[PDB]
Each structure stands twice: as structure tokens, then as C-alpha cells.
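> Here you go, this is data-v5.cif (mmCIF, N, CA, C and O atoms).
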```
data_protein
#
loop_
_atom_site.label_atom_id
_atom_site.label_comp_id
_atom_site.auth_asym_id
_atom_site.auth_seq_id
_atom_site.Cartn_x
_atom_site.Cartn_y
_atom_site.Cartn_z
N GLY A 1 -0.94 -3.37 -4.98
CA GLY A 1 -2.00 -3.81 -4.09
C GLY A 1 -2.35 -5.28 -4.29
O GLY A 1 -2.93 -5.67 -5.31
N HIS A 2 -1.91 -6.13 -3.30
CA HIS A 2 -2.42 -7.49 -3.15
C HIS A 2 -3.58 -7.48 -2.13
O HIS A 2 -4.58 -8.19 -2.26
N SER A 3 -3.30 -6.84 -0.93
CA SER A 3 -4.02 -7.17 0.31
C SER A 3 -3.48 -6.24 1.43
O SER A 3 -2.82 -5.22 1.20
N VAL A 4 -3.75 -6.64 2.72
CA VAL A 4 -3.02 -6.13 3.89
C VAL A 4 -1.62 -6.83 3.95
O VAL A 4 -1.19 -7.48 4.90
N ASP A 5 -0.87 -6.60 2.81
CA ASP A 5 0.53 -6.99 2.60
C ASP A 5 1.40 -5.86 3.22
O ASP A 5 1.05 -5.31 4.27
N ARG A 6 2.62 -5.55 2.65
CA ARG A 6 3.59 -4.71 3.36
C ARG A 6 4.01 -3.40 2.65
O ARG A 6 4.27 -2.39 3.31
N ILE A 7 4.30 -3.48 1.32
CA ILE A 7 4.81 -2.34 0.55
C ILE A 7 3.63 -1.78 -0.28
O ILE A 7 2.88 -2.55 -0.90
N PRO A 8 3.41 -0.43 -0.35
CA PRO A 8 2.32 0.10 -1.17
C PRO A 8 2.76 0.16 -2.65
O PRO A 8 3.94 0.34 -2.98
N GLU A 9 1.75 0.16 -3.58
CA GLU A 9 2.02 0.28 -5.02
C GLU A 9 2.28 1.78 -5.40
O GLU A 9 1.89 2.29 -6.45
N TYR A 10 3.10 2.46 -4.53
CA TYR A 10 3.76 3.72 -4.89
C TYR A 10 2.77 4.90 -5.03
O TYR A 10 3.03 5.92 -5.65
N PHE A 11 1.67 4.79 -4.19
CA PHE A 11 0.56 5.75 -4.30
C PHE A 11 0.96 7.13 -3.73
O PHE A 11 0.39 8.17 -4.05
N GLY A 12 1.83 7.06 -2.67
CA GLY A 12 2.23 8.22 -1.90
C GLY A 12 2.81 7.77 -0.55
O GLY A 12 3.07 6.59 -0.32
N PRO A 13 3.04 8.76 0.37
CA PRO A 13 3.49 8.44 1.72
C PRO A 13 2.30 7.96 2.59
O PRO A 13 1.12 8.16 2.26
N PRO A 14 2.60 7.35 3.79
CA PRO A 14 1.54 6.98 4.71
C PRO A 14 1.02 8.23 5.46
O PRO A 14 1.68 9.26 5.60
N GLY A 15 -0.22 8.06 6.04
CA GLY A 15 -0.90 9.20 6.65
C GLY A 15 -1.73 10.02 5.65
O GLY A 15 -2.03 11.19 5.85
N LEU A 16 -2.24 9.29 4.59
CA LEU A 16 -3.25 9.88 3.72
C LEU A 16 -4.63 9.67 4.38
O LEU A 16 -4.82 8.73 5.17
N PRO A 17 -5.66 10.51 4.01
CA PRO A 17 -6.99 10.40 4.64
C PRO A 17 -7.94 9.40 3.94
O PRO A 17 -9.05 9.13 4.39
N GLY A 18 -7.50 8.95 2.71
CA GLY A 18 -8.23 7.92 1.99
C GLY A 18 -7.71 6.53 2.34
O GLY A 18 -6.69 6.36 3.01
N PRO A 19 -8.40 5.46 1.80
CA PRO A 19 -7.95 4.10 2.02
C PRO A 19 -6.71 3.78 1.15
O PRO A 19 -6.34 4.47 0.20
N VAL A 20 -6.08 2.60 1.49
CA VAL A 20 -4.81 2.19 0.89
C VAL A 20 -4.78 0.65 0.93
O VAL A 20 -5.41 0.00 1.76
N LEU A 21 -4.00 0.07 -0.04
CA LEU A 21 -3.76 -1.37 -0.13
C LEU A 21 -2.25 -1.53 -0.38
O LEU A 21 -1.55 -0.57 -0.72
N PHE A 22 -1.75 -2.80 -0.20
CA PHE A 22 -0.30 -3.03 -0.21
C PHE A 22 -0.02 -4.32 -1.01
O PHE A 22 -0.84 -5.24 -1.06
N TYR A 23 1.19 -4.37 -1.64
CA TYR A 23 1.78 -5.59 -2.22
C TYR A 23 3.03 -5.97 -1.38
O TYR A 23 3.30 -5.41 -0.31
N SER A 24 3.77 -7.03 -1.83
CA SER A 24 4.90 -7.56 -1.06
C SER A 24 6.15 -6.85 -1.39
O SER A 24 7.17 -6.30 -1.61
#
```
How would this structure read if it were set down as C-alpha cells?

Amino acid sequence: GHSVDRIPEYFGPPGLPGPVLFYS
């Protein structure tokens, strides 16, 4: 997690109901 970057820090797949952040 940097920001509204591109790759997630391996939290899970997309379409989770909680918030998320991304790194490059």
C-alpha cells in the first residue's frame, strides 16, 4: 500500500467489502 496505485500488497482478490490500498 502506497496510495491509489495499481498492485495490492497481497491482501486477497478484488471485490472485498472492506477498503483496500495499492502499491506499484
> Interatomic distance between atom C of residue 23 in chain A and atom N of residue 5 in chain A?
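Atom N of residue 5 in chain A lies at a distance of 5.8 Å from atom C of residue 23 in chain A.
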> I'd like the neighbourhood of residue 11 in chain A as a PyMOL selection string, where a residue qualifies if any of its atoms comes within 10 Å (using only C-alpha atoms), though same-chain residues fewer than 2 positions away should be ignored.
chain A and resi 1+8-9+13-14+16+20-22
> Kindly give the distance, in Å, that separates atom N of residue 15 in chain A and atom C of residue 3 in chain A, rounded to a single decimal.
15.4 Å
> Just list as a PyMOL selection string whatever in chain A DSSP marks as strand (DSSP E).
chain A and resi 7-8+22-23
> How far is it from atom C of residue 24 in chain A to atom N of residue 6 in chain A, in Å with one decimal?
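A separation of 5.5 Å between them.
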